[PDB]
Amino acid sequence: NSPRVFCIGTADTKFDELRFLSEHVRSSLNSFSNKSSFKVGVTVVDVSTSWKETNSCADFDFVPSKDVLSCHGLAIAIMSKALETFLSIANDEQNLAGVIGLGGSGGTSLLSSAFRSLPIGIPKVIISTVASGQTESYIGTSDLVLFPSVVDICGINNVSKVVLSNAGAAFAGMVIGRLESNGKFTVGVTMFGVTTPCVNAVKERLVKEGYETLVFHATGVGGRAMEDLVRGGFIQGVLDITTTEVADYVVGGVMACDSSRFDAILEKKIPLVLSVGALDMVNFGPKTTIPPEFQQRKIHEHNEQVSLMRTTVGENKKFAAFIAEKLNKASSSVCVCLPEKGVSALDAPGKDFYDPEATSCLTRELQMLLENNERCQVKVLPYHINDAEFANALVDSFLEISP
């Protein structure tokens, strides 16, 4: 079985741009092969939502809107799932060597969605009219590239010729280069300004024990990035020291995790020590964009830019739910580890967000809620989270679970 790339667009309206690209890719694939043996099949793919029907492209193996729509603003949402799943499948026969697509606003968003469900490392490219603006929605935590089109996508000219030529070259080199070619155990750890004592320490120890590290700034995306690399198969254990992202979720901060937090790790059945890193705060900023439902709470303006808000006792009770829920479904080994005195630089004896009534409630609540579960151990400990003796715990708890 030989390797195959996909050139994907809306074919009814952009046949000429897409033929141009497809041609240039196949050509460039061929010109850049060395060790080779295989040529890479270049198949064009239509994802037009219109009733208009184009059923071949040049000579290329082609696949019309239907064949894609068959796989299980609402026009985009349909066809993108169709693509995503259409691509899930081709990945499986195990010779999807890349994806490429062109598109303006609506199309970019369509492709973006399909492409970034592919394994990190498979080359994902889109020549896009909306590359040069705001791309978070499109790229996210993936490695998707977006080539600015410079001019609109309307037929081949002067400019589109070079721009499309360059992106085909780009994509052909990626795909060959990867056809024509880890060692360590990487762990990943989640950090916040106010929890680095703990994380720095653990990163240190981890390095000396022989393990490699990937720290994530728990910004929601940060968390999700981690899980999308474990899921990928890059991160072989986690120490989720900082779970503040959960707090921003149940009360609605500006750096929330979404409701799938932890699944990816548990689904991949990999060593998972965990803790309450920074559960004491939910994030916002500046003051007036903070909702008027709590202009009477314990806030700590960190910058003009960001503002932190201290989690009430009741809110921490809710954090203990979310985490325990997910934890209790644990298909393999786990270990919670709680700092009793405080969960953050600011939740410190003397400091601004100190409250052990909180961080005791949170400690018990999770001691009880996880009480039954066999795999998930729990270790309440007589420390603050930053005390490097905690760090020893975490790395030790982890050392236990791991090979």
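A residue's number is simply how far along the shown sequence it sits, counting from 1.
*Asks:* For the step residue 208 to residue 209, what size class fits the number of deposited residues with no coordinates, none, 1 to 3, 4 to 9, or 10 or more?
*Replies:* In the record, the chain runs straight from residue 208 to residue 209 with none unmodelled.
*Asks:* For the higher mean C-alpha B factor in the entry, choose 210-218 or 167-175.
*Replies:* Mean B over CA atoms: larger for 210-218.
*Asks:* Which wins on mean Cα temperature factor, 120-128 or 231-239?
*Replies:* The stretch with the larger average C-alpha B-factor is 231-239.
*Asks:* If you compare 136, 304, 180, 152, which has the highest Cα B-factor in the entry?
*Replies:* Comparing C-alpha B-factors across 136, 304, 180, 152, the top value belongs to 304.
*Asks:* Looking at the C-alpha B-factor values in the deposited entry, which of 92, 143, 84, 263 comes out highest?
*Replies:* Across 92, 143, 84, 263, the entry lists the biggest C-alpha B-factor for 92.
*Asks:* Quick one: classify residue 338 as lowest, middle or highest third of the chain based on its Cα B-factor.
*Replies:* Top third by C-alpha B-factor.
*Asks:* For residue 58, return the chain-relative third of its C-alpha B-factor as stated in the PDB record: lowest, middle or highest.
*Replies:* According to the entry, residue 58 has a C-alpha B-factor in the chain's middle third.
*Asks:* By the recorded C-alpha temperature factor, relative to the other modelled residues in its chain, which third is residue 257 in?
*Replies:* Middle third.
*Asks:* Taking the C-alpha B-factors as the PDB entry records them, is residue 47 in the lowest, middle or highest third of its chain?
*Replies:* Middle third.
*Asks:* Mind checking which third residue 224 falls in for C-alpha B-factor across the chain?
*Replies:* Its C-alpha B-factor belongs to the lowest third of this chain's values.
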